[PDB]
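Participant: sequence, then the experimental structure. Questions to follow.
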Amino acid sequence: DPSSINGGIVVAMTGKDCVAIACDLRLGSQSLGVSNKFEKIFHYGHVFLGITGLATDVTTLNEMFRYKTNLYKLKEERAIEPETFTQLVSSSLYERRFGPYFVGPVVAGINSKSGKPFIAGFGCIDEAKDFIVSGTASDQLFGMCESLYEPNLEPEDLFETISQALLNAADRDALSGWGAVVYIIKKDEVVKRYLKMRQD
Amino acid sequence: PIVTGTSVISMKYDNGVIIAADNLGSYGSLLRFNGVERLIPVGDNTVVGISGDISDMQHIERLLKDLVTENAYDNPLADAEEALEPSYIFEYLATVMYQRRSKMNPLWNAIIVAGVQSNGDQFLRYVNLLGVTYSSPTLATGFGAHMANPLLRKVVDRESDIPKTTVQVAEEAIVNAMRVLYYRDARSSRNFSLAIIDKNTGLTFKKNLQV
Amino acid sequence: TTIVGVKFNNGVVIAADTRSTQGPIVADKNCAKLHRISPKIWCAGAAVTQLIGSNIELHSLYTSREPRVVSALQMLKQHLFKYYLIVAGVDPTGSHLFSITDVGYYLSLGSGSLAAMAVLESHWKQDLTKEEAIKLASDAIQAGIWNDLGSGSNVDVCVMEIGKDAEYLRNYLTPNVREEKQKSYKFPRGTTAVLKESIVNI
Amino acid sequence: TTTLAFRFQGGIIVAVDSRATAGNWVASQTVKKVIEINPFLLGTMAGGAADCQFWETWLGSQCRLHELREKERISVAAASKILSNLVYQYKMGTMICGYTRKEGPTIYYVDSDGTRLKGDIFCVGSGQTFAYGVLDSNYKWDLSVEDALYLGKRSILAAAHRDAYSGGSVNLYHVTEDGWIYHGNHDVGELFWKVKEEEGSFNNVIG
Amino acid sequence: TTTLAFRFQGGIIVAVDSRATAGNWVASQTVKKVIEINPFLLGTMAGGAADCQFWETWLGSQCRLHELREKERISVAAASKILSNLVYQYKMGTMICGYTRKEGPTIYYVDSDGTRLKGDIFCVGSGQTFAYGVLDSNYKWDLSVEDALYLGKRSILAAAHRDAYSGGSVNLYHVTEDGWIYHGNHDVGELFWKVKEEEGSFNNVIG
Amino acid sequence: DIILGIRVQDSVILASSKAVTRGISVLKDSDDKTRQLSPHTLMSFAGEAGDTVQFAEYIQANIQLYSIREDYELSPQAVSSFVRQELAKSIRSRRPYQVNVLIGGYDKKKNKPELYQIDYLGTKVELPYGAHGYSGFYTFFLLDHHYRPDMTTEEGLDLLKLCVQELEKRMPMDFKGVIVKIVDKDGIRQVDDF
Amino acid sequence: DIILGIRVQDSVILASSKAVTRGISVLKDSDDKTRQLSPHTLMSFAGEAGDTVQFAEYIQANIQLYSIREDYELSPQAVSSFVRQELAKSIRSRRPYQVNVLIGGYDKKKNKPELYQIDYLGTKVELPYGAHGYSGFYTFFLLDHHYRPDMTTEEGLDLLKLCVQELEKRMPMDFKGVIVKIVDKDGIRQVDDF
Amino acid sequence: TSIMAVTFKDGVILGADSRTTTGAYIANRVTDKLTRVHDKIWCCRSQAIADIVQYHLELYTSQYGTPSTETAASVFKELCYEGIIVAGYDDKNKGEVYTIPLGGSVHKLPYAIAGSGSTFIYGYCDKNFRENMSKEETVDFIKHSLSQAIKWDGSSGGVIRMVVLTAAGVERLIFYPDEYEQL
Amino acid sequence: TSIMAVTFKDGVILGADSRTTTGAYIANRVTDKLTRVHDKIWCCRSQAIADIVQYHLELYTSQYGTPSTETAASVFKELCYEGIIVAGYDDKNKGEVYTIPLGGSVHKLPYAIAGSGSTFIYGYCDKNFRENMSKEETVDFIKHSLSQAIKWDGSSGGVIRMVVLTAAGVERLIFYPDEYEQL
Amino acid sequence: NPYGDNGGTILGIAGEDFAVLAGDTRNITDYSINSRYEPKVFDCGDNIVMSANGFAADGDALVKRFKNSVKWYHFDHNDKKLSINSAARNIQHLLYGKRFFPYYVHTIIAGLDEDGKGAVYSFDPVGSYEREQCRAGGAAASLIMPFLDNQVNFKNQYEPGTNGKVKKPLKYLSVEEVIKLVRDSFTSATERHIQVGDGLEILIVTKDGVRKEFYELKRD
């Protein structure tokens, strides 16, 4: 299983008029930790994408989606929306059904027209209203999110919730850790925060 | 197994337990034998329903009759307050099945012990070749665990539903499940045996019931 | 997964549970498994659906005719044979119910297929009405939900009647709503230690 | 898992991590990986903890029986030999550490293959390479007790940082001629930030 | 099989054995394991003899085509590169030996995994260790032509004596700037007795 | 093979093991597992015997072709991106290149050294120091301790010497020493006396 | 492990590699893979990790028991016969000893050195020089050339020194040098400065 | 499954059971196993291949006129060779049965039996089949044979579906377990 | 092989074929498959166990008197459990058939069929067997049944050997292919 | 295959004067439900609660053999109360008696130490054991323990305004607060794990004795 080769987790949460996406920073080669700066969250316009799994696959998919969203912006004269980007991700993934990338993608963003927070998991789209998890600690993340999450959290409360969930799931995962980054995404601003965590 | 018995289904109602099994021994996809009684009365308060290997089932039948004979030795109350209980029979059978599994020579069967204890409690417990034991308001083996259990659990969903369940309702649900099992199970038979153990009226064994 | 399809006197109804699992872990608790091929042709499985629906729409525009359930069935069959569904619908030739291929007055697929079939075998009768058909399909899905670990959450129902529009009853039943938690786990602000903070120029 | 034991003028320093993992799931961060066989003998677990825990506890019984018969404590050489013979006949890595009057401070390495090695430094586990390097670059015989305890702490910290299956906390033991002394449990998370601050290492880690 | 080629002031010495074995059955004692690719190029076969033979004859044809086009002979580097690319694209050990004006005496080692090494000494085959040791102990750059031929003979003799699948006879080649010179076939049986008599070696062999 | 890379304040230092072993014997003890991609970019490689050199010369030819076509030098970042794309293409081809490479270069426009570690799968990452395979298991402790961003070339060479000494003591093979090359603003030079 | 034995006119010289490797690291670099069976008999062993020492101390205890029981020393031939029988018994036991041994001894009655090579299967043979496993692949060429029955101990050590140098050069492993012991009429002594 | 086709004095009758199983589970117990590939040519398996055969026979009917049962069996072979019982009626051939076992060879028989239940009735069908049977005699023979096959085969059951192919046309007959089990 | 035992109004008849094969090779075509374990108790396989059973039954007879067919099947089971058709006659039981399939379970049947050729006559024997048949009807029933089994099974052939176990005694009957094949 | 999986997750938390052992009551095979109420946490006497999670047959056998040894201990020591540490050593010897054919169970025992503080011991199927403040077993252990670490031990929590320099200090959790956390973690695990549900049985060991509480979980 190539997904467990590199490790790492991505979690997205919806709040009150806001979304949060968070990931760990560990780039591992089995038990060996190689890099603590491998950010797995990317954005194309106002749409954020977290990718867990094989790191080379993560880089390849980030390049492919930058390519496709740039061409989309040139053709459409508008930035892609999170729902359209989710459809794009699903179609791109199933374009390699029998040659698949060993990834788990997580879409986070706010639709610029409607203003409603959007998150999605995956080819089959899991457009949840509360939280999406991905990575090696997906079970720990599921437990932490199912226990901690409550609807309509303000951006500060949403930050605290997603941070605690990520930190406590990463503490119990061998291949996740070495730092964490959280994006608090609102329509007007996006805040990036680096978390203090155990370095083992 | 080689010659095999199919599902045994059972449930407990307000005043006892009902257990049913069909009278067929399959040989792979060949419906070879049609006179296989797979409900084994032990005393007057216990019925043992066996599924799986018929040769191992006949072995268990011998073990149960020996157990009755041994209990009566030097026991003037063997037909009385010193008779074999459903819990005694199950514990012996569970011990045998677990000891066989630990010797890598398992009795390839699933056993449901149905009966009423001396104090009147309904006894309904299951044991398989692995020694795995559990009890439930409704029990079924093999194919009935997938199809008969949902129909029986619709009648008795939890323990508090048992006192609300009459013998007529329980027997009607068991017969309906047997008909459904005949329709959708290829290794099943039209003819089945039905045993009712009631704390008041005692053991009622019905043979050659037809779907 | 538990999917059933029941034909009644003037149509066909399909129903499904909404639980998605990744091993023993529930990934999506409200996955929609009733997929629309055409307005009156719906599919449920235990990408091929989206492509088949696209080609069905193109074929219907080309022929200027309503899509037929046999056409969708043939397309799905050929596509899958090139490389397990219940296809139901109403077309000008009536109501149809297929599995991928066997026809049926009632069908069930998935992990909870046997429990649902038990309920159907017990309660199905000829010449069901629409309400009775919905009740029967819902009860089969509920049996799958209660008795199969792979099935859970809600019941989604799609009803296709011959002379009417298809009605998709998303979350027709919701028998597994979580109770309120004992305590609120809202952290006080400042609980998490932050090493660095920066605004992202989107 | 990372276990280390080295010999210095003040005795033996035994440092271990406390993380146990079931695949990628961290089952526990507080696992004791040092057997206190007796007030003068320590054993370490690295793989096959149950075989280690049972037989090194049984090893304490044999030493006690040897105590009663000969009026003299068993030697580290004998204790390792019994454990090595036990392991061989059932054919993990364990360090037997003790400080008797005759032998002095003595460490024996016994693995599942039946090997039995005497030495001054040993590191076992998934992080043994990181621990070995920190020891090889800083170990001295004339090392003081305070500097040796920190060296045991530092070597485990390097392993915990770089190895995914090592971490949780450091348990320090100091085997002296009067018996071993437990020097406490040190959380790796707290230890890393302290060491990063005071030592200036881990410059690639943002703090 | 044992093939060797080494570089000295007088050019390149190529020495091989001639035994081919089908399991334990010696099919032939007179197998040519040196390919005369062209009057200035030699190749050696060690495993995969058929691929070596076909592709080095084709390499000779390619060298002739290069000669016709550029009015200049192909280089040893170019021939080795062509053979290595061919081997890699179909992914044996062969030495390409030649002496051109630009490069001088040049040996390239090409094996089945696609490696291509330039060097002064190479030994391939089941007996490569014995011959390689004899070379390492007796090789010199200032070695004379007669001494180098004897050194090749002696290394092949050691390999044939100690290795069961090497033997038969020694074929000596001497690559000079004027082209290679065949120095004959030397029966290993006679050579061993001659070397034992003149050299005093093989004292454990009764004669 | 053993490949170490270390980026210091003004240069990148690469060390590559010298031994070539096939089967029973060490054929070569002086191999150079590096290729000059550009005047200010150097690539050192490790992995499967025949794949490493083939991939390295393919990359070098492509980079040279770009340089001639544009009359310009690709930045080390662009070179590392191209190499990562090539390895990612290979990993899902009919037969992948099992090659792990370290790319050390000097960006003449940023006036900064750059080191990139790319494995055979195609995972690229910019590192202050790097090693492939088991090489980092015996070196990462020492670099984590003593590496500083502002280290001079001499201090980086001393740290590399200590790392190689540790590798020689605890790794169970004999890699026959290392060849050390330095990439800086003046180009690529080799350290013979290491 | 690397074990060399060489019998010269008046003594037997044994050389054993010093390295102990378990998995990823070289745990020890000074191990002694020899056991003194008697005052004039020495046994050096190689093979599987735990079998070599376990078998060697079992042999040593048995030879010691015979010496005390008879108040006499077994001849090196008798010792080698006993060791061969033990290895021959093991090869068809529930779990054999994977141990290859060289037995060097001085027969105080014949006043002659003796060297015996016994493999794990139980193949004993008296040799003027011997090595186990791949060790002879890099040494026999040199011994076949320069060995003479009348060599003195110094010439045997020089020949042994040359044999070790070739092993370091061409074997792909790092055995961390050898420990050299000499058995003669004066007993068993060790050469530290090798 | 238990499928059997019998030629008789006025044509051919194809009979089959209606049970399909996945192991011991009866997934469908009202299956229609007799498949029309052409107007009066029917086949049964012991499904894509049936579609391609129907395609090819429709093409043949458009271009070259009505195909015979031999033509249908030929198409079946050329698709399978590169267990099927093919039964059909033509005016000149007056009803033909072609069996194509798993190997892909084609055999023309007065009657054919196939499926897991045919083994139990090989002897009975050998003893009881007679050439030039009447329509009622043929129906009775198929009923008895398939009843025995259903009794002994666990994969055979449900209703006995029959297709009668004669010059009169196509007649569909259904026999429920309450009727054939008591035979 | 094709073996069958049938209880009738005066006792039991055991019938078998005489062919043993190693693949397609008929190694023995005059095999005697009906084996005597006791005076009027006979068995057939579908050889060591038959020797141990005869040993145990002889031991039983010396100590506990004449064993019944159930006792022989009991001994067969206790050895097999820790395909056999056991047929025998006793005055009180008037002829009994016990089948012990490969699993080791024992079943008492009015008639039993076993072997590779028994599958082809499951339908035929079910339709044609009748309780309380006459001796000639039983012989005819076995002759017709085994002939069909021989016709369809490649491992069945040769002569049809029959052992009649009644109160009168043991009667051996042989039927050659020229007689039963034309039935 | 002599082994099998019957699901079930157990949770042992040691307080300062209490110990709780909680497990779901659902017994399963593959994707079927065998029983919705099959307790896996047992009061074994002497204020010791035990749960053998894993292979159900081996779990029953081990619990049966431990209850066997407690009775023999009372027979040999004149009804003397068995201490939790003595029980842990006894369980280690029971497990190691089958070293090469082990009980395929992870067992947790909870109770009070001789000083009166809550004690929890976890055991490897082979026999290794360790005293813990908390331990989770079963399939859903990874969905329960990370939440308790956050909520009982305040992991990754810091005092607000201290810039992550002062950790949130540990506090006395009452058994009522621990029960609330146990209930919430099990309801969360029920949502996301198909093997968790149908009811939660919690056994609370205090100085007063062993108290049993049952709570209903979701039945899908």
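Facilitator: Arrived safely. Numbering: from 1, shown residues only, chains lettered A, B, ... in the order given.

Participant: quick one, strands of chain A?
Facilitator: Residue ranges of the strands in chain A, as given by DSSP state E, are A:9-14, A:19-24, A:27-29, A:32-35, A:41-44, A:47-53, A:103-110, A:117-120, A:131-135, A:180-185, A:190-195.

Participant: check the offset of the longest one from the chain's centre.
Facilitator: In this view, strand A:103-110 has its centroid 5 Å away from the chain centroid, taken as C-alpha atoms, centre = their mean, to the nearest Å.

Participant: and the gap between residue J:80 and residue J:73?
Facilitator: 7 Å (C-beta to C-beta, to the nearest Å). Any C-beta I mention is one placed from the backbone N, CA and C, and that applies to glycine too.

Participant: in chain H, what residue comes closest to chain G?
Facilitator: residue H:23 (44.2 Å; C-beta to the nearest C-beta).

Participant: what does the closest residue to chain H within chain F show for phi and psi?
Facilitator: Here chain F gets closest to chain H at one residue, residue F:94, 29.7 Å apart by C-beta to the nearest C-beta. The phi and psi torsions at residue F:94 (degrees, to the nearest 10) take the values phi -70, psi -40.

Participant: ok so, going back, tell me which of the strands of chain A sits nearest to chain B.
Facilitator: For the strands of chain A, the distance to chain B is smallest for strand A:131-135, at 32.0 Å, taking C-beta to the nearest C-beta.

Participant: list the strands paired with the closest one, with their directions.
Facilitator: strand A:9-14 (antiparallel) (DSSP bridges).

Participant: tell me the angle the partner strand makes with strand A:180-185.
Facilitator: Counting by axes from the mean of the first three to the mean of the last three C-alpha atoms, to 10 degrees, strand A:9-14 lies at 20 degrees to strand A:180-185.

Participant: who touches residue B:114 in this structure?
Facilitator: Residue B:114 makes contacts with B:10, B:17-19, B:46-49, B:86, B:123-124, B:195, B:197, as judged by C-beta atoms under 8 Å, 6 or more residues apart in numbering or on different chains.

Participant: the residue of chain H closest to chain G: neighbouring residues, count only.
Facilitator: By the criterion of other C-beta atoms under 10 Å in any protein chain shown, residue H:23 has 11 neighbours.

Participant: ok, and the closest non-adjacent residue to it?
Facilitator: Excluding its sequence neighbours, the residue lying closest to residue H:23 (C-beta to C-beta, 6 or more residues apart in numbering or on different chains) is residue B:186, at 7.7 Å.

Participant: pretty sure the one you found sits against residue H:24.
Facilitator: Yes - using C-beta atoms under 8 Å, residue B:186 is in contact with residue H:24, at 4.9 Å.

Participant: run through the bridge partners of residue B:192.
Facilitator: residue B:22, residue B:209.

Participant: ok, residue F:181 next?
Facilitator: residue F:14, residue F:190.

Participant: quick one: the helices in the chain, in order.
Facilitator: With no chain named, the answer covers chain A. Applying DSSP state H to chain A gives helices spanning A:3-6, A:55-76, A:82-94, A:138-148, A:155-171.

Participant: chain F is the one I meant
Facilitator: Along chain F, counting by DSSP H, helices occupy F:49-70, F:76-91, F:140-146, F:153-170.

Participant: neighbours of the residue of chain F closest to chain H, how many?
Facilitator: Neighbour count of residue F:94, defined by other C-beta under 10 Å: 5.

Participant: any idea how far it lies from chain E?
Facilitator: 11 Å (C-beta to the nearest C-beta, to the nearest Å).

Participant: residue D:81 too?
Facilitator: 39 Å.

Participant: quick one, the helix or strand encompassing that residue and helix G:51-70 angle?
Facilitator: Residue D:81 belongs to helix D:76-89 when assigned by DSSP states H and E. If you take the same axes, to 10 degrees, helix D:76-89 sits at 110 degrees to helix G:51-70.
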